[PDB]
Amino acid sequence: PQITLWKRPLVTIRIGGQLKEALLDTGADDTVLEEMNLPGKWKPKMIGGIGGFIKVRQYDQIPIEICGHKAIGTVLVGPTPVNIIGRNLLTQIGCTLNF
């Protein structure tokens, strides 16, 4: 699809058995999801945004479907106010910016 930017580019994602709304975020290197109790091993990480850093749990090779397109990769889980789909998955679903 084509998504204009008059409003936040929120889409439905499917991850770890849940449907969520997530922001397609070209400014995010990584994918950062709101707190969710995913199974499996993880590694601690700190990621920085406007306002400072938050602590997240890094889960690898997690399947995630974004607006009907399958992806698989690293997802960071922590106290973000918004689910953020970053470039690591945007590239996998063939997403580009166009103007």
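Just count from 1 along the sequence shown to find any residue number. Note that the rigid core is defined as the largest set of C-alphas that superpose within 1.5 Å between two forms.
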Just give me the stretch that moves more in 6 other deposited structures of this protein: 11 to 19 or 87 to 95, judged by RMS C-alpha distance after a core fit.
-> 11 to 19
Selected stretch [higher average CA B-factor]: 16 to 24 or 84 to 92 | 16 to 24
Residue range whose averaged C-alpha B-factor is higher in the record, 52 to 60 or 66 to 74 = 66 to 74
Hey, what third does residue 32 fall into on Cα B-factor, ranked over its chain?
-> lowest
